[PDB]
Amino acid sequence: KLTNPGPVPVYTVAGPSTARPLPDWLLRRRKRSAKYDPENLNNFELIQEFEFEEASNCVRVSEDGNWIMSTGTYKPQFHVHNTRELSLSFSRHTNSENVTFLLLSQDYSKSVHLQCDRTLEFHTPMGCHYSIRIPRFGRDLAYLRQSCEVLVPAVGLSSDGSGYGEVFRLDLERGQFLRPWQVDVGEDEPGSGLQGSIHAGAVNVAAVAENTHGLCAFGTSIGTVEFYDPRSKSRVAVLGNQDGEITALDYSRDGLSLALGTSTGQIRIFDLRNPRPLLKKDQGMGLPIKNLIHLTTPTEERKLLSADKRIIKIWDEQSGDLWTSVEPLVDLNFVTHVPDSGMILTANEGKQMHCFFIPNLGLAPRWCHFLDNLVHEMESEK
Amino acid sequence: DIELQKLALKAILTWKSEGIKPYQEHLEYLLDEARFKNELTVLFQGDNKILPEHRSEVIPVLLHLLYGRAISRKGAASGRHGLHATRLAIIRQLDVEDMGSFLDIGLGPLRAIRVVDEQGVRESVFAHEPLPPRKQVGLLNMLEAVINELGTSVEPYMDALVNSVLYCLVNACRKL
Amino acid sequence: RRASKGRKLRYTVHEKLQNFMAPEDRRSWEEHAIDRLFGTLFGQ
Amino acid sequence: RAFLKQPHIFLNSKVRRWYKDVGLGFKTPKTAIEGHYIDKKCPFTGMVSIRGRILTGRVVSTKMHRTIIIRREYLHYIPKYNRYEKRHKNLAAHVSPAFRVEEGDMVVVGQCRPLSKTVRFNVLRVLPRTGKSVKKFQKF
Amino acid sequence: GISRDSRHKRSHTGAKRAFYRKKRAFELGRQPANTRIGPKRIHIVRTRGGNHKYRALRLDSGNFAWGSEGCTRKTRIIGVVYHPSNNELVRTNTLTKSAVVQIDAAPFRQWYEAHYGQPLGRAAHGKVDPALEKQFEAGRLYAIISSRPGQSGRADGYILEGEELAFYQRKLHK
Amino acid sequence: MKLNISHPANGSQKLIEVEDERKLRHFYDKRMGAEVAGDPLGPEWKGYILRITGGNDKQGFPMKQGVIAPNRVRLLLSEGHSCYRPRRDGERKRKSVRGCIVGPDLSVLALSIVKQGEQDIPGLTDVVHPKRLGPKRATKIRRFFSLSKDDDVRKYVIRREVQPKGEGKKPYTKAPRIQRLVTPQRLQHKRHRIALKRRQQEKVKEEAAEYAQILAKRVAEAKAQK
Amino acid sequence: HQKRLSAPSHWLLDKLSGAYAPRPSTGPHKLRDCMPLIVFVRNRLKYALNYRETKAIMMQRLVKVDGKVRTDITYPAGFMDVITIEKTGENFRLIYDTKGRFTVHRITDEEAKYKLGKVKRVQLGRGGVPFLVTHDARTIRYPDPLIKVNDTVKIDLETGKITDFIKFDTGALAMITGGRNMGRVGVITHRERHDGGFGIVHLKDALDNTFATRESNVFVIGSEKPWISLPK
RNA sequence: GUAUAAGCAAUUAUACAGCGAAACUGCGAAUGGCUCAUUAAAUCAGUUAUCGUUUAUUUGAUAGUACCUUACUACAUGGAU
RNA sequence: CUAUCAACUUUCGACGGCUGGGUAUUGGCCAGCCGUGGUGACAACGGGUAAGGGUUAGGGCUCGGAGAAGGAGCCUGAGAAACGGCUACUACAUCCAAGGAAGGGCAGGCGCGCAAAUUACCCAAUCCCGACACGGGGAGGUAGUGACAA
């Protein structure tokens, strides 16, 4: 366990030490043949085999909070960790490196992921209910719970009909692809394929709510965020022309305000009715931001920011002041938080999946109680 | 020696200066003997290039260490791919301005040498040896690599290289 | 034709994909204020 | 699309063309010697090697992207009739653009490594004949 | 589930077949390696005959051949420019074979001014095609990948020169 | 919680019955490998500080280092871990182990005394225990007895006398057959190896020279035919 | 573990050795072109009785095959392997007969010292050196530069070097070691190329029977020059 | 290959020497054979090819690779179990 | 064998060619780009289920898919998708001090209350596997019953 910042401490309790680790073969050879003096006390892991030896893609904790599903790269697989028993429940291999999954049930008993070789794979604990090829490539994955329907964005322009751009949506009770929700992306070359060209033609992020009204918000590469309403099956809004490709989309706890962000590193907190921004922040460097979620220390509200320049900044919403900043020392591809408090699980490029602990945003979760006492022992050490 | 180089670099890092502070991870991997050739092209041509503000602070330490790695006989193979390509891969990536300090640590006693005076030949210098016949060979192989990697940019360093090569040449021509 | 490996949305009812999840309506708003909201965006 | 090339020949020098003979008593056509098309399933341009069986026959369908189908007829011996019967088969072969292609002609093919699910043969010699459509028959 | 057999597909005459046999270990095909840009992450796979092939998943540098002059140097890899097969590899920066990718130019520039001596990109045998000279003034050349990164563990290759260089510039303009 | 207390520097160990968990309250919420003072344990433990190195809870489950749960956890154990030995090679087995945290539900606490005090525990600190075996390789004998280049380890090896059967005969000595001892048999093996190398290289030389002269003779006879 | 009838018809077994037959171990000669040492010792020569007796002969250094001690019992010895037994002072040689079976030939040291081996292929090995591969899988480094494919070589067998060679010739007498006309000592009088696979030779015996055998199945033995003693 | 079994059995030059349980190390188990919904030139047979491939074991050959700024040096190599 | 099977394939790409991925390698085997195919009254396709070759007097003799309680995923090795192991889910089931912990075959008898061939002995021969002359082998051979016959 380390501590990175001065004023408000974060705690890298599990994580890769070096930006260029050696091959694990050479590491085990030097460990079993050489003499070494490691920090036996403070260095540990908290859940068993929380690594992938190549890279990682996404982490999600269930609404029951007992299961951590995580997908990673070599022999492209997904680990399911039971978090009460602090170990691997299992790990199941797949056909290619996963893009993005969601849990459907409150447990891990139903999963779906959009997967790099243009597939959607539906997973049970029994095995794998069979895959559906989406026609065109995909970027994200969202779930309409009230009318159970998976919706994925697509890059590129459609085959026939209009040339807007498409969001592929299939219901689970009905079973078929209903109709692609048509989102304009822009103009493309008439001379190309049917998968698009290299420069543009991409819808990126789809975001919905699951306790409020739930306006299906999409976001596409010419600086455009769109809004669709369920039970209308048609467009409501087109707004937010920016310079950067929209990579962030997340509602707040109330169900009104939106936190979007662009590929240059600029975030805008919008209201759903005011065209002028409630908040703007131009931070980091020119590497594109990835993921932003709202998180409430039990009284206040604050916001995440995670960007591939190894910058994850927790901003304030009520004042806009930079509350804290973490340097994960590697590329990180996904952030999630334990829904109780405190713990940010981050899927990275490195070997080990790394998780941060904020004592000043919340407490240790209900399955690893002693983390607060370990922070206490580090406070004794300093 | 790799162990003494590691302990010496640990003492240099015990000197806690902000010019060496962002480069410590890049420094220690050069002494880790499995990642030297990859760490060289991480250091140079990387996103974390040496910043010209504290380039004046890191370069003597870095060049003494790279000199030691170019000297060391243990991990290198035989032939050219053993250690000749290592010397070439250090000198090909070094700058021509750092190359002055590189040849400064290269030529120990022959740094301040004079072969020619107002008269013809300094027989007082030539009838004396400051270096072993074992040691001049690695010097000449290194300067061959320096010249073959520099080209024209030897022009600011003409005054000492020719004295070194001429001294070793005429000591050989006396020893035939 | 040029459409085969999923290029064309073949609308076929899938057999094992038929009765996965029950529809769970989790919406904290009372359906009379929500349709009034979508009218009063940036245009109105 | 990418720039087609003969895989190991250094064109961009500031100081040729590789064509091997198939052998087997054959002659390289002038289009295969100097003609500037590039095809890697060509036995004179690419690295495909002809060995094994050597077959002949008459083309059914020339109209295809460098792949012709041959109707091979033979006389099978039915012992119930104690008689000879006509049996036609269809082969597929990859076509170099070196030769001049005709329909109904008698073409020599040669066996190579599997180039597709069907394509196991390449054209080597074409005999230009006035052979007709599907009504025409000759064991060949 | 990923395999290499032909028992699932229809025949040459257009017929499907039952032909049910179990998947076997010589019809084995493993999952693809989308080799991307990052620090070195290679996993070693043992294969039939006990033979190792090196599945490289994240790569930084490879040596590239400026071979009309007679050099190849280890240079880093900036970002993939174009790929003849797919657009998603161009989008997500995947290093495959026959990928045109832009690389750094510093060791080639160093070897030019070290061997000939006439500086470049800032008598008669030192001669550079002016398009390639524009690549040197940019400090970022257009290389092409000739080694399989997935099945060798390295992304090496030769630089583009002349007709192929102009062809891929026109294809970038397309 | 009975304390299995070991002094590793002396090589001794003793199990100590401890009742009155008010005495054991300072062991609570301490991970394995942590330093706790034995001063609040007893008056005879004044000045002692010791590390805790493991334990077994009720129902006898082991305690592996690096598990943050206080209760009994269900790990998946690989080959070279503690608390599990493989029944066959390549086997990963799910085993239940107690987490690192010393709670109230323990049965034995493995402790190791790192620094003593002025008082001696009568059965623990007083008895010395030598090592079972002495060193076998010559350079470890050299580093042990600090020999110079001349002093010839073969008489500086440790020895042990045993009395065999046969109704009480003479004592008998046993000596551990030094591994890294340069014998003339070893040196002759090295010489035979390099002699095989030079014999092979000279045979390659002679066969190459005779092939050169025979090939020149054959092309001379061929041009004599032409 | 093959049966006695599934054993090939050219190393003979009678109604005596049980229903089973030993398989030859992997080695220089092939499987179906082979005589194992146990069949040579106890089923052909009958210097032994049982498997354990054959083991008690083999394990002590008493049987030498091609001039080297061969210890394991089912060692393959197919064609023309000189088999030296020193306690009996004999050297046997394996040839065929006119019907197509194995034949043993007793001989002393003067003809036991050399082996007539047919060249399988000539190539350039590592180090830029030509090397020569016979049918005994003997590779000879730096050969004579005319010894091409299908030429036979007098191997020294005390150093292993080349001593003489016999060229593939129309007019050189040869021995057939395969095919439907197996084991017929006659003279190569014609050779047809058939380029594209499987060329032939036309061969006649001493007494006028022409037949066509393949150039793989042929084996050159000498023009007249019976360099190994075919049994009189 | 590794023996200081606190294992047996000894003496005429004492690291070990003979026998040698335990254990570390290397090899082994692509089968011996069982059950039952079947396989309709796809298997299978003849007949080719690998210039399109992997091969422990066998047996045969086999490897010219030093110096190259540690010298005011190094020259009976380590740690684990 | 059949036209009471004349259209079939493109309904897991159907035929190419280009580019790569993966494989030990070729290959629509798989992924991107486009072209229009491929088979069939000379019998495709579908349907029925009743699943021989070589040795030549002769008979004889020789050779000849799916599962290890059920799906799903993984590990070793030259060779397995071993089912030998692991993990999760499902389904039985055992011990316990009620906290926990290990496990998934064939053969035999009854199959009415009335019935009928040994729970035999050894690797000794032939053969196989190993650090290896010795150690280990459910092929094989030896014996016992028998008024069904002969």
# chains A, B, ... in the order shown; residues from 1 in each chain; ligands from 1

$ closest_atom_pairs --of "chain C" --to "chain A" --cutoff "6 Å" --atoms "only C-alpha atoms" --output "tab-separated table"
residue	atom	partner	partner_atom	distance
C:6	CA	A:135	CA	4.6
C:7	CA	A:135	CA	4.2
C:11	CA	A:176	CA	5.5
C:12	CA	A:176	CA	5.7
C:13	CA	A:175	CA	5.2
C:14	CA	A:175	CA	5.3
C:17	CA	A:175	CA	5.6
C:18	CA	A:175	CA	5.2
C:19	CA	A:173	CA	5.0
C:20	CA	A:172	CA	5.9
C:23	CA	A:146	CA	5.0
C:24	CA	A:146	CA	4.7
C:25	CA	A:146	CA	4.1
C:26	CA	A:211	CA	5.1
C:27	CA	A:211	CA	4.7
C:28	CA	A:212	CA	5.2
C:41	CA	A:273	CA	5.2

$ closest_atom_pairs --of "chain F" --to "chain H" --cutoff "6 Å" --atoms "only C-alpha atoms (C1' of nucleotides)" --output "tab-separated table"
residue	atom	partner	partner_atom	distance
F:154	CA	H:15	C1'	4.8
F:174	CA	H:4	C1'	5.5
F:175	CA	H:4	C1'	5.7
F:176	CA	H:4	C1'	5.4
F:177	CA	H:16	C1'	4.5

$ interface_residues --of "chain E" --to "chain I" --cutoff "9 Å" --atoms "only C-alpha atoms (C1' of nucleotides)" --output "VMD selection string"
chain E and resid 2 to 6 8 to 16 20 to 34 47 to 51 83 to 88 96 to 99 150

$ interface_residues --of "chain A" --to "chain I" --cutoff "8 Å" --atoms "only C-alpha atoms (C1' of nucleotides)" --output "count of residues only"
12

$ interface_residues --of "chain B" --to "chain A" --cutoff "12 Å" --atoms "only C-alpha atoms" --output "compact mmCIF listing (two decimals) with C-alpha atoms, in the first residue's frame"
# COMPACT_ATOMS: atom_id res chain seq x y z
CA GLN B 24 15.13 7.40 -11.50
CA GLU B 25 12.98 4.61 -12.95
CA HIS B 26 14.63 5.13 -16.34
CA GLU B 28 17.82 1.86 -12.67
CA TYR B 29 16.58 -0.19 -15.61
CA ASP B 32 18.96 -4.15 -14.62
CA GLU B 33 20.77 -6.38 -17.09
CA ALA B 34 17.72 -7.74 -18.94
CA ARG B 35 16.18 -4.45 -20.08
CA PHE B 36 19.15 -2.35 -21.20
CA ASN B 38 14.81 -1.59 -24.46
CA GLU B 39 15.45 1.06 -21.79
CA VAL B 42 12.70 4.24 -23.81
CA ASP B 47 7.42 10.33 -24.56

$ residues_around --residues "residue 68 (chain H)" --least-positions-apart "5" --cutoff "12 Å" --atoms "only C-alpha atoms (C1' of nucleotides)" --output "PDB file with N, CA, C and O atoms, in the first residue's frame"
ATOM      1  N   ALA B  70      28.843   0.308 -21.421  1.00  0.00           N
ATOM      2  CA  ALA B  70      29.619   0.063 -22.628  1.00  0.00           C
ATOM      3  C   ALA B  70      30.943  -0.626 -22.343  1.00  0.00           C
ATOM      4  O   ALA B  70      31.485  -1.285 -23.233  1.00  0.00           O
ATOM      5  N   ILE B  71      31.482  -0.480 -21.138  1.00  0.00           N
ATOM      6  CA  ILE B  71      32.729  -1.160 -20.807  1.00  0.00           C
ATOM      7  C   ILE B  71      32.496  -2.625 -20.456  1.00  0.00           C
ATOM      8  O   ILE B  71      33.229  -3.482 -20.950  1.00  0.00           O
ATOM      9  N   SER B  72      31.444  -2.925 -19.677  1.00  0.00           N
ATOM     10  CA  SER B  72      31.290  -4.208 -18.976  1.00  0.00           C
ATOM     11  C   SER B  72      31.279  -5.421 -19.910  1.00  0.00           C
ATOM     12  O   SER B  72      30.571  -5.436 -20.922  1.00  0.00           O
ATOM     13  N   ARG B  73      32.066  -6.441 -19.549  1.00  0.00           N
ATOM     14  CA  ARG B  73      32.341  -7.610 -20.378  1.00  0.00           C
ATOM     15  C   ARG B  73      31.470  -8.816 -20.067  1.00  0.00           C
ATOM     16  O   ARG B  73      31.561  -9.816 -20.784  1.00  0.00           O
ATOM     17  N   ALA B  76      27.652  -9.490 -22.196  1.00  0.00           N
ATOM     18  CA  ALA B  76      27.754  -9.359 -23.637  1.00  0.00           C
ATOM     19  C   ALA B  76      28.140 -10.681 -24.282  1.00  0.00           C
ATOM     20  O   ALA B  76      28.876 -11.487 -23.707  1.00  0.00           O
ATOM     21  N   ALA B  77      27.641 -10.893 -25.492  1.00  0.00           N
ATOM     22  CA  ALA B  77      27.966 -12.079 -26.262  1.00  0.00           C
ATOM     23  C   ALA B  77      29.330 -11.928 -26.928  1.00  0.00           C
ATOM     24  O   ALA B  77      30.075 -10.979 -26.682  1.00  0.00           O
ATOM     25  N   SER B  78      29.663 -12.892 -27.777  1.00  0.00           N
ATOM     26  CA  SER B  78      30.860 -12.755 -28.584  1.00  0.00           C
ATOM     27  C   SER B  78      30.530 -12.067 -29.905  1.00  0.00           C
ATOM     28  O   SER B  78      29.383 -11.716 -30.186  1.00  0.00           O
ATOM     29  N   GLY B  79      31.559 -11.875 -30.720  1.00  0.00           N
ATOM     30  CA  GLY B  79      31.382 -11.296 -32.032  1.00  0.00           C
ATOM     31  C   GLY B  79      31.069  -9.816 -31.984  1.00  0.00           C
ATOM     32  O   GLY B  79      31.405  -9.092 -31.046  1.00  0.00           O
ATOM     33  N   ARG B  80      30.400  -9.364 -33.041  1.00  0.00           N
ATOM     34  CA  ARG B  80      30.012  -7.964 -33.125  1.00  0.00           C
ATOM     35  C   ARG B  80      28.740  -7.683 -32.338  1.00  0.00           C
ATOM     36  O   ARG B  80      28.691  -6.709 -31.573  1.00  0.00           O
ATOM     37  N   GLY B  82      27.728  -9.097 -29.772  1.00  0.00           N
ATOM     38  CA  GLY B  82      28.178  -8.898 -28.417  1.00  0.00           C
ATOM     39  C   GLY B  82      29.031  -7.653 -28.297  1.00  0.00           C
ATOM     40  O   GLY B  82      30.172  -7.618 -28.769  1.00  0.00           O
ATOM     41  N   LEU B  83      28.421  -6.609 -27.736  1.00  0.00           N
ATOM     42  CA  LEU B  83      29.004  -5.370 -27.222  1.00  0.00           C
ATOM     43  C   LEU B  83      29.473  -4.371 -28.281  1.00  0.00           C
ATOM     44  O   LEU B  83      29.493  -3.166 -27.996  1.00  0.00           O
ATOM     45  N   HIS B  84      29.687  -4.785 -29.532  1.00  0.00           N
ATOM     46  CA  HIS B  84      29.994  -3.794 -30.549  1.00  0.00           C
ATOM     47  C   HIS B  84      28.755  -3.038 -30.979  1.00  0.00           C
ATOM     48  O   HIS B  84      28.782  -1.804 -31.047  1.00  0.00           O
ATOM     49  N   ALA B  85      27.659  -3.753 -31.201  1.00  0.00           N
ATOM     50  CA  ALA B  85      26.354  -3.145 -31.383  1.00  0.00           C
ATOM     51  C   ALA B  85      25.870  -2.412 -30.141  1.00  0.00           C
ATOM     52  O   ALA B  85      25.102  -1.463 -30.275  1.00  0.00           O
ATOM     53  N   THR B  86      26.331  -2.793 -28.945  1.00  0.00           N
ATOM     54  CA  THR B  86      25.976  -2.049 -27.738  1.00  0.00           C
ATOM     55  C   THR B  86      26.634  -0.673 -27.708  1.00  0.00           C
ATOM     56  O   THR B  86      25.957   0.336 -27.463  1.00  0.00           O
ATOM     57  N   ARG B  87      27.949  -0.619 -27.949  1.00  0.00           N
ATOM     58  CA  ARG B  87      28.638   0.657 -28.103  1.00  0.00           C
ATOM     59  C   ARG B  87      28.070   1.501 -29.230  1.00  0.00           C
ATOM     60  O   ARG B  87      27.867   2.708 -29.034  1.00  0.00           O
ATOM     61  N   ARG B 134      47.033  -2.957 -23.222  1.00  0.00           N
ATOM     62  CA  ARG B 134      45.688  -3.487 -23.078  1.00  0.00           C
ATOM     63  C   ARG B 134      44.640  -2.393 -23.199  1.00  0.00           C
ATOM     64  O   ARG B 134      43.641  -2.573 -23.902  1.00  0.00           O
ATOM     65  N   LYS B 135      44.867  -1.248 -22.557  1.00  0.00           N
ATOM     66  CA  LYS B 135      43.831  -0.233 -22.428  1.00  0.00           C
ATOM     67  C   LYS B 135      43.668   0.639 -23.660  1.00  0.00           C
ATOM     68  O   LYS B 135      42.590   1.217 -23.831  1.00  0.00           O
ATOM     69  N   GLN B 136      44.693   0.777 -24.508  1.00  0.00           N
ATOM     70  CA  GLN B 136      44.514   1.665 -25.660  1.00  0.00           C
ATOM     71  C   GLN B 136      43.590   1.061 -26.716  1.00  0.00           C
ATOM     72  O   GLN B 136      43.030   1.791 -27.545  1.00  0.00           O
ATOM     73  N   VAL B 137      43.397  -0.263 -26.691  1.00  0.00           N
ATOM     74  CA  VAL B 137      42.623  -0.932 -27.736  1.00  0.00           C
ATOM     75  C   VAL B 137      41.144  -0.586 -27.620  1.00  0.00           C
ATOM     76  O   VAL B 137      40.476  -0.294 -28.623  1.00  0.00           O
ATOM     77  N   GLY B 138      40.611  -0.611 -26.396  1.00  0.00           N
ATOM     78  CA  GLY B 138      39.225  -0.229 -26.195  1.00  0.00           C
ATOM     79  C   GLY B 138      38.993   1.243 -26.462  1.00  0.00           C
ATOM     80  O   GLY B 138      37.929   1.634 -26.951  1.00  0.00           O
ATOM     81  N   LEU B 139      40.002   2.070 -26.171  1.00  0.00           N
ATOM     82  CA  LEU B 139      39.955   3.488 -26.513  1.00  0.00           C
ATOM     83  C   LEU B 139      39.815   3.685 -28.013  1.00  0.00           C
ATOM     84  O   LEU B 139      38.957   4.447 -28.468  1.00  0.00           O
ATOM     85  N   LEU B 140      40.636   2.987 -28.795  1.00  0.00           N
ATOM     86  CA  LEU B 140      40.605   3.185 -30.239  1.00  0.00           C
ATOM     87  C   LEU B 140      39.336   2.614 -30.856  1.00  0.00           C
ATOM     88  O   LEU B 140      38.790   3.194 -31.803  1.00  0.00           O
ATOM     89  N   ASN B 141      38.835   1.497 -30.315  1.00  0.00           N
ATOM     90  CA  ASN B 141      37.567   0.952 -30.793  1.00  0.00           C
ATOM     91  C   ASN B 141      36.409   1.896 -30.487  1.00  0.00           C
ATOM     92  O   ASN B 141      35.534   2.123 -31.340  1.00  0.00           O
ATOM     93  N   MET B 142      36.417   2.498 -29.294  1.00  0.00           N
ATOM     94  CA  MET B 142      35.412   3.486 -28.937  1.00  0.00           C
ATOM     95  C   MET B 142      35.466   4.731 -29.811  1.00  0.00           C
ATOM     96  O   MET B 142      34.420   5.124 -30.334  1.00  0.00           O
ATOM     97  N   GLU B 144      36.702   4.951 -32.830  1.00  0.00           N
ATOM     98  CA  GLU B 144      36.205   4.524 -34.129  1.00  0.00           C
ATOM     99  C   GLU B 144      34.687   4.534 -34.196  1.00  0.00           C
ATOM    100  O   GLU B 144      34.125   5.056 -35.173  1.00  0.00           O
ATOM    101  N   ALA B 145      34.023   4.016 -33.158  1.00  0.00           N
ATOM    102  CA  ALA B 145      32.569   4.112 -33.064  1.00  0.00           C
ATOM    103  C   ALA B 145      32.064   5.552 -32.971  1.00  0.00           C
ATOM    104  O   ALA B 145      31.077   5.882 -33.643  1.00  0.00           O
TER     105      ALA B 145
END

$ select_by_dssp --residues "chain C" --states "helix (DSSP H, G or I)" --output "ChimeraX atom specification"
/C:34-39

$ select_by_dssp --residues "region 27-186 of chain G" --states "strand (DSSP E or B)" --output "number ranges by chain"
G: 36, 63-65, 68-69, 76, 83-85, 90-96, 102-107, 115-125, 129-134, 139-141, 152-155, 162-166, 173-176, 186

$ atom_distance --atom1 "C1' of residue 2 (chain I)" --atom2 "CA of residue 91 (chain D)"
27.9 Å

$ closest_residue --among "H:29, H:75, H:80, H:17" --to "chain A" --atoms "only C-alpha atoms (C1' of nucleotides)"
H:80

$ atom_distance --atom1 "CA of residue 127 (chain G)" --atom2 "CA of residue 208 (chain F)"
11.3 Å

$ closest_atom_pairs --of "chain B" --to "chain E" --cutoff "6 Å" --atoms "only C-alpha atoms" --output "Markdown table"
| residue | atom | partner | partner_atom | distance |
| --- | --- | --- | --- | --- |
| B:149 | CA | E:114 | CA | 5.3 |
| B:150 | CA | E:114 | CA | 5.1 |
| B:151 | CA | E:114 | CA | 3.9 |
| B:152 | CA | E:117 | CA | 5.5 |

$ interface_residues --of "chain H" --to "chain G" --cutoff "6 Å" --atoms "only C-alpha atoms (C1' of nucleotides)" --output "PDB file with N, CA and C atoms (P, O5', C5', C4', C3', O3' and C1' of nucleotides), in the first residue's frame"
ATOM      1  P     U H  58      17.498 -41.985 -27.935  1.00  0.00           P
ATOM      2  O5'   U H  58      17.659 -42.902 -29.226  1.00  0.00           O
ATOM      3  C5'   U H  58      17.158 -44.229 -29.232  1.00  0.00           C
ATOM      4  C4'   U H  58      17.043 -44.779 -30.627  1.00  0.00           C
ATOM      5  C3'   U H  58      18.297 -44.714 -31.466  1.00  0.00           C
ATOM      6  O3'   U H  58      19.249 -45.694 -31.106  1.00  0.00           O
ATOM      7  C1'   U H  58      16.431 -44.101 -32.779  1.00  0.00           C
ATOM      8  P     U H  59      20.637 -45.247 -30.441  1.00  0.00           P
ATOM      9  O5'   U H  59      21.625 -45.116 -31.679  1.00  0.00           O
ATOM     10  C5'   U H  59      21.833 -46.211 -32.554  1.00  0.00           C
ATOM     11  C4'   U H  59      21.923 -45.760 -33.987  1.00  0.00           C
ATOM     12  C3'   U H  59      22.948 -44.684 -34.286  1.00  0.00           C
ATOM     13  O3'   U H  59      24.277 -45.153 -34.365  1.00  0.00           O
ATOM     14  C1'   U H  59      20.920 -44.126 -35.332  1.00  0.00           C
ATOM     15  P     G H  60      25.469 -44.168 -33.943  1.00  0.00           P
ATOM     16  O5'   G H  60      25.662 -43.233 -35.216  1.00  0.00           O
ATOM     17  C5'   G H  60      25.921 -43.784 -36.498  1.00  0.00           C
ATOM     18  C4'   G H  60      25.851 -42.733 -37.576  1.00  0.00           C
ATOM     19  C3'   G H  60      26.642 -41.472 -37.312  1.00  0.00           C
ATOM     20  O3'   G H  60      28.021 -41.650 -37.551  1.00  0.00           O
ATOM     21  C1'   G H  60      24.522 -40.916 -38.201  1.00  0.00           C
ATOM     22  P     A H  61      29.097 -40.833 -36.691  1.00  0.00           P
ATOM     23  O5'   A H  61      29.807 -39.912 -37.776  1.00  0.00           O
ATOM     24  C5'   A H  61      30.058 -38.542 -37.517  1.00  0.00           C
ATOM     25  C4'   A H  61      29.323 -37.655 -38.487  1.00  0.00           C
ATOM     26  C3'   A H  61      29.520 -36.167 -38.281  1.00  0.00           C
ATOM     27  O3'   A H  61      30.699 -35.692 -38.898  1.00  0.00           O
ATOM     28  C1'   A H  61      27.215 -36.637 -38.538  1.00  0.00           C
TER      29        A H  61
END
